[PDB]
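Summary of structural features
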Amino acid sequence: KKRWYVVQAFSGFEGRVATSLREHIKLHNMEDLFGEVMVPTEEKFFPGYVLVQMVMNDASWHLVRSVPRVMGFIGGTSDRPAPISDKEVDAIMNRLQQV
Amino acid sequence: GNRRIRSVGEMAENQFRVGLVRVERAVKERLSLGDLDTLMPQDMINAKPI
Amino acid sequence: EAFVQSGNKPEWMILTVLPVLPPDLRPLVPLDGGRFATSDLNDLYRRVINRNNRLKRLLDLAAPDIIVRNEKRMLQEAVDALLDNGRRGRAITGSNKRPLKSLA
Amino acid sequence: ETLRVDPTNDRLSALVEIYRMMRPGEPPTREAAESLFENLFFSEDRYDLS
DNA sequence: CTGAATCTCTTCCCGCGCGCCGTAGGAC
DNA sequence: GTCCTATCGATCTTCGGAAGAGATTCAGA
RNA sequence: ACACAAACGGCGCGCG
């Protein structure tokens, strides 16, 4: 089942990542395995970080890191990205529902 | 016999090639991103790194 | 035996508050007026302080656990570099491509 | 002598193993291993003899 | 608990003279 | 043009050496 | 008011 996963990238160029990854996914189009890649914003909880709704597999794993200047996932190990807690996402989205 | 001499011309060229490699990263992404119907090469490559 | 007999107590070894050198001892000379010469120790402090502040924000926001955990390490990393900058797996360097001079 | 030391047996194991060493603590993938291996010594852009 | 064959952060004469030379990314 | 602003950290020309003692580590005894 | 003045860190080449 799809879950949000955490990645970190270069600040500011984060935004470029925010859309570019989707473009890369549309090029190689293992897209249905993906959800959305999202980062909250303020007038800035995450100023140089990423959230990835996806089911994690190698093919997708490499695709994510394909985009340059993305450091990679956070988790127990590189090949084992950790999902954000369901309660965390549901809380944070509400914390994002207000801005 | 195991040793050879490098001169200005040889060393410079290699240095020049290294700069192109750094262009490669920029141009490839731009080319990947570019619409390509109104973008033109001067946009795709910028002098500064080289 | 030495440790107990001494006035030291191991728990102090873990830093919680940190000292910073008097500024004059870490001068920032105006190499060319406003274009000051690099002053590594200030630079390291700058990194740590910023690294510290950013962690504070997330703690304030109560960011998801995984992110803050990474932040904690990154904080430790900066401090590690500040002291030695080379005892860790990789020394940090600026655009000049020279390893910054740590306190030690 | 080496064959006795060698734990790997098949090309899959070889490709996986070498990738692992080149990519410590990173997810293996058969074609990724091959492509990486290709980069090692079989592409000018990463290995070249004048 | 014995054994080498494995393992990595110390050190590398004393002073002097010029010369050069030091964050990235952007309101268009 | 002047002046403002936020991180700084991946993949590229890398390897260019080597004596000496505390872990951790290979083979049983 | 009877008083300061222009070096921080590297690289190359040479010197006894």
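Refer to the preceding data block for the structure.
Residues numbered from 1 in each chain as written, not as in the entry; some residues may be left out. Chains lettered and ligands numbered in written order. Part of a larger assembly, values for the part shown. Heavy atoms only, no water.

**Some words on the overall build of chain B**
In terms of helices and strands, chain B carries two helices and zero strands. Over its C-alpha atoms chain B spans a radius of gyration of 16 Å, topping by over 25% the 10 Å that the globule rule assigns to 50 residues. C-alpha extents for chain B along the principal axes are approximately 55 × 15 × 15 Å. When each of the 50 residues of chain B is scored for burial, the buried share is 8%. Of the roughly 4,600 Å² of accessible surface on chain B, a fraction of 58% belongs to carbon and sulfur atoms. Of the charged side chains in chain B, 9 are positive and 7 negative; the average position of the first set lies 14 Å away from that of the second. (Helix = DSSP H or I, 4+ residues; strand = E, 2+ residues; numbered from the N terminus. Rg over C-alpha atoms; globule rule 2.2 N^0.38 Å. Buried < 20%, exposed > 50% of the residue type's maximum accessible area, 1.4 Å probe, protein only. Areas by Shrake-Rupley, 256 points an atom, 1.4 Å probe, with all protein chains shown as cover. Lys, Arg positive; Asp, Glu negative; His and termini not counted. Charge placed at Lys NZ, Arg CZ, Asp CG, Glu CD.)

**Here we look at the interface of chain A and chain C**
With 12 residues of chain A in contact, the opposing surface of chain C contributes 10 residues. Taking both sides of the interface into account, the surface hidden between chain A and chain C amounts to around 970 Å²; carbon and sulfur atoms contribute 66%. Viewed at the interface, chain C and chain A are joined by zero salt bridges. Viewed at the interface, chain C and chain A are joined by four residue pairs in polar contact. Among the secondary structure elements, those contributing two or more residues to the side of chain A that touches chain C are β1 (3-9) and α3 (86-97) of chain A. Its residues placed into classes, the side of chain A that touches chain C shows nine nonpolar, one polar and two charged. (Contact = heavy atoms within 4.5 Å. Buried area = accessible area lost by both parts, 1.4 Å probe. Salt bridge = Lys/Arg side-chain N within 4 Å of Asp/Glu carboxyl O. Polar contact = N/O pair within 3.5 Å; in protein donor to acceptor, adjacent residues only side chain to side chain. Nonpolar A, V, L, I, M, F, W, Y, C, P; charged D, E, K, R; others polar.)

**Observations concerning the protein's contact with RNA strand G**
Taken together, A37, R98 and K101 of chain C are the residues near RNA strand G. Between RNA strand G and the protein, one listed contact pairs a phosphate oxygen with a side-chain N or O atom of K101 of chain C at 3.3 Å. (Near = heavy atom within 4 Å.)

**Focus on the sheet that holds strand β4 (residues 70-73) of chain A**
All names here are of chain A. Strand order across the open sheet formed by four strands is β2-β3-β1-β4, with antiparallel pairing between neighbours. Looking at the sheet topology across the chains shown, the edges are occupied by β2 (34-38) and β4. Taking each pair of neighbouring strands and ignoring which way they run, the sheet shows an average axis angle of 25 degrees. (Pairing = 2+ DSSP bridges. Axes fitted to C-alpha atoms, helices over the stretch in contact; angles between N-to-C directions.)

**Structural notes on the side chain of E88 of chain A**
Along the polypeptide, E88 of chain A turns up in helix α3. The side chain of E88 of chain A is buried and forms no salt bridge, while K87 of chain A, the nearest opposite charge, is found at 7.1 Å. Among the polar contacts made by the side chain of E88 of chain A, one reaches the main-chain amide nitrogen of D65 of chain C at a distance of 2.8 Å. Residue contacts for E88 of chain A: discarding those within four places in its chain leaves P64, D65 and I66 of chain C.

**Topic: the arrangement of the chains**
A comparison of contact numbers over the four pairs of chains in contact places chains A and C at the top. Taking C-alpha atoms as the reference, chain B and chain C come no closer than 14 Å and do not contact one another. Spatially, chain C and chain D are disjoint, and the shortest separation between their C-alpha atoms is 14 Å.

**Looking at the nonpolar core**
Counting 33 residues, the largest nonpolar core has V6, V7, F46, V50, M54 and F73 of chain A as its most contacted members. At five residues, the largest contribution of residues to this core is made by β1 of chain A. Excluding residues that lie within four positions of it along the chain, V7 of chain A makes contacts with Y49, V50, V52, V64, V70, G72 and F73 of chain A. By size, the runner-up hydrophobic cluster in this structure holds seven residues, among which are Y45, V79, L82 and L100 of chain C. (Core = buried A, V, L, I, M, F, W, Y, C linked by side-chain atoms within 4.5 Å.)

**Some words on helix α1 (residues 13-28) of chain A**
All names here are of chain A. Between its terminal C-alpha atoms α1 stretches 22 Å, which fits the 22 Å expected from 16 residues at 1.5 Å a residue. Taken as a whole, α1 carries its principal kink of about 30 degrees at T19. Buried residues belonging to α1 abut β2, β3 (50-54), α2 (58-66) and β4. Just past α1, the residue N29 takes up positive phi, approximately 60 degrees. (Expected span 1.5 Å × (residues − 1). Bend = angle between axes of the 7 residues up to and from the residue.)

**Focus: the protein's contact with DNA strand F**
Around DNA strand F sit 19 residues, and of these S11 of chain A, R22 of chain B together with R47, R90 and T93 of chain C come closest. Backbone sugar and phosphate groups make up 53% of those atoms of DNA strand F lying within 4 Å of the protein. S11 of chain A places a polar side-chain atom, nitrogen or oxygen, 2.4 Å from a phosphate oxygen of DNA strand F. Within the contact set of DNA strand F, a base nitrogen lies 3.4 Å away from a side-chain nitrogen or oxygen of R46 of chain C. Those elements giving two or more residues to the surface near DNA strand F turn out to be α1 (8-33) of chain B together with α2 (40-61) of chain C. In terms of residue count, α2 of chain C provides more of the surface near DNA strand F than any other element does, five residues in total.

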